[PDB]
Amino acid sequence: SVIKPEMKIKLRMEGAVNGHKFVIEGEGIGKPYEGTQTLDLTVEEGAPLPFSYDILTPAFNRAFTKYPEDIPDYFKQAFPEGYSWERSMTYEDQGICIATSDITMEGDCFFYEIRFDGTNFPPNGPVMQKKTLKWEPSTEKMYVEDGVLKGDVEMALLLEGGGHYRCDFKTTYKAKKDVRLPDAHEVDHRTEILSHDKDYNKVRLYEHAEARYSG
């Protein structure tokens with residue numbers, strides 16, 4: 001197996017949100033067969049970020065999804081070559097983000113090149129006013145079409161004061177070579193900001209993910 005029980009992560013995200021250009025770099029560790037990973041993120045350009053950091057965390061690797069034996073693992077099968085994804089994040093107040101990620105591998109380390117762009121967030125909405133607490137845990141529905149793996153999920157950010165703020169994810173995952181294509185399945189996701197400094201210039205981010213059938 002090309003994917004070791006413990007793997008290092010290195011990443012660079014670049015983009016803009018409502019025009020504000022930013023650059024974020026990260027390094028971390030993950031356990032691909034356990035479907036967990038922890039990442040240390042640093043804002044390198046654009047600090048202090050003027051928008052909610054939570055909109056970014058989904059963009060920071062489904063190789064860190066734990067797959068049972070009877071569901072082919074699209075993501076692990078794609079290595080050493082790797083895979084990429086394109087994702088749209090449509091928020092209920094018409095803010096919209098588009099992100100892409102190219103995932104490669106060298107030695108015992110995964111590398112992500114992430115682009116992240118967002119626009120039309122209302123100036124007094126919960127994103128630009130940083131009123132979001134965290135993402136509710138969610139279930140992504142995975143299915144194959146046009147020869148690649150798609151994922152849809154309706155997401156929700158909890159708000160200061162007790163509300164929720166919805167977002168629809170649509171993602172296309174593309175292996176760099178041909179692999180066994182799975183039947184439709186689901187992926188249970190949980191993310192958690194473990195720690196951060198005052199302006200979120202330093203953030204430690206954790207994610208768990210595990211695949212299963214609907215039943």
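For this chain, numbers begin at 1 and follow the sequence in order. Side chains included, hydrogens not; waters and symmetry mates left out as well; all remaining heavy atoms used.
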For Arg212, salt bridge (charged side-chain N to carboxylate O under 4.0 Å, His left out) partners two or more places apart: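 Once residues adjacent in sequence are excluded, the partners of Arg212 under the salt bridge (charged side-chain N to carboxylate O under 4.0 Å, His left out) criterion are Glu186, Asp188.
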Listed partners of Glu160 passing salt bridge (charged side-chain N to carboxylate O under 4.0 Å, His left out), at least two apart: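 Counting only residues at least two positions away or on another chain, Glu160 forms a salt bridge (charged side-chain N to carboxylate O under 4.0 Å, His left out) with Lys131.
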Find out whether [X] and [Y] are in side-chain contact, i.e. whether some heavy atom of one side chain is under 4.5 Å from a heavy atom of the other.
X	Y	result
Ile55	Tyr91	yes
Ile9	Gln37	yes
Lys150	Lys141	no
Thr42	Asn201	no
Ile3	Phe110	yes
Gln129	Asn124	yes
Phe79	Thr104	no

Roughly how far apart are [X] [atom1] and [Y] [atom2], rounded to 0.5 Å?
X	Y	atom1	atom2	answer
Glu25	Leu39	CD	CG	13.0 Å
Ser52	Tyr165	OG	OH	8.5 Å
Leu11	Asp40	CG	CG	10.5 Å
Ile71	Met142	CD1	CE	10.5 Å
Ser84	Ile103	OG	CD1	8.5 Å
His185	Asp70	NE2	CG	11.0 Å

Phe116 and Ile24: CA distance, side-chain angles, deciding distance, side chain to side chain contact (heavy atoms under 4.5 Å, CB included) verdict: CA-CA 10 Å; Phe116 190 100; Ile24 296 189; over 6 Å; no
Are more than 12 heavy atoms from other residues, nucleotides or ligands located less than 6.0 Å from atom [atom1] of [X]?
X	atom1	value
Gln94	CD	no
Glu92	CD	yes
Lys202	NZ	no
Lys4	NZ	yes
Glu106	CD	no

[X] side chain to [Y] side chain, donor-acceptor N/O pair below 3.5 angstrom:
X	Y	answer
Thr191	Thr57	no
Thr36	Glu34	no
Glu140	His189	yes

Which heavy atom of [X] sits nearest a heavy atom of [Y], and at what distance?
X	Y	result
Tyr213	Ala184	CE2-O, 3.3 Å
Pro58	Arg87	O-NH1, 2.9 Å
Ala211	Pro68	O-CD, 3.2 Å
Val187	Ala209	CG1-CB, 4.2 Å
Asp93	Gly125	OD2-CA, 4.4 Å
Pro5	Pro32	O-CD, 3.5 Å

[X] with [Y], same ILVMFWY side-chain cluster at under 4.5 Å:
X	Y	result
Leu49	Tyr200	yes
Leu159	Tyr53	yes
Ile98	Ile114	no
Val2	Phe111	no
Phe121	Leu158	no

Distance under 6.0 Å and angle within 45° of ring axis: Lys76 vs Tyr83: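 That pair does not qualify as a cation-pi contact.
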Report yes or no: does [X] contribute a side-chain atom to a donor-acceptor pair with the main-chain N or O of [Y] at less than 3.5 Å?
X	Y	result
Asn61	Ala63	yes
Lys8	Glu27	no
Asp73	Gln77	no
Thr132	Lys134	no
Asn18	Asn120	yes

Check: [X] ring centre within less than 6.0 Å of [Y] ring centre:
X	Y	answer
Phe64	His208	no
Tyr74	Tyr67	no
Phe22	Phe51	yes
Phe169	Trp85	no

Test log, rule side chain to side chain contact (heavy atoms under 4.5 Å, CB included), inputs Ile193 and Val203: CA-CA 7 Å; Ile193 290 200; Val203 177; 4.0 Å; yes
Salt bridge flag under 4.0 Å for residues [X] and [Y]:
X	Y	value
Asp168	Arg166	no
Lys176	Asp102	yes
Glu14	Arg12	yes
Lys170	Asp152	no

Intermediate values then yes/no, side chain to side chain contact (heavy atoms under 4.5 Å, CB included), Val144 and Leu149: CA-CA 5 Å; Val144 170; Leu149 187 62; 4.0 Å; yes
Residues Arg190, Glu192; criterion salt bridge (charged side-chain N to carboxylate O under 4.0 Å, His left out); working and verdict: CA-CA 7 Å; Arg190 179 173 84 82; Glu192 187 186 1; 3.3 Å; yes
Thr119 vs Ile96, side chain to side chain contact (heavy atoms under 4.5 Å, CB included): CA-CA, chis, key distance, verdict: CA-CA 6 Å; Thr119 180; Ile96 173 83; 3.8 Å; yes
Passing candidate, salt bridge (charged side-chain N to carboxylate O under 4.0 Å, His left out) with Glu210, options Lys31, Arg62, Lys66: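 Filter result, single survivor: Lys66.
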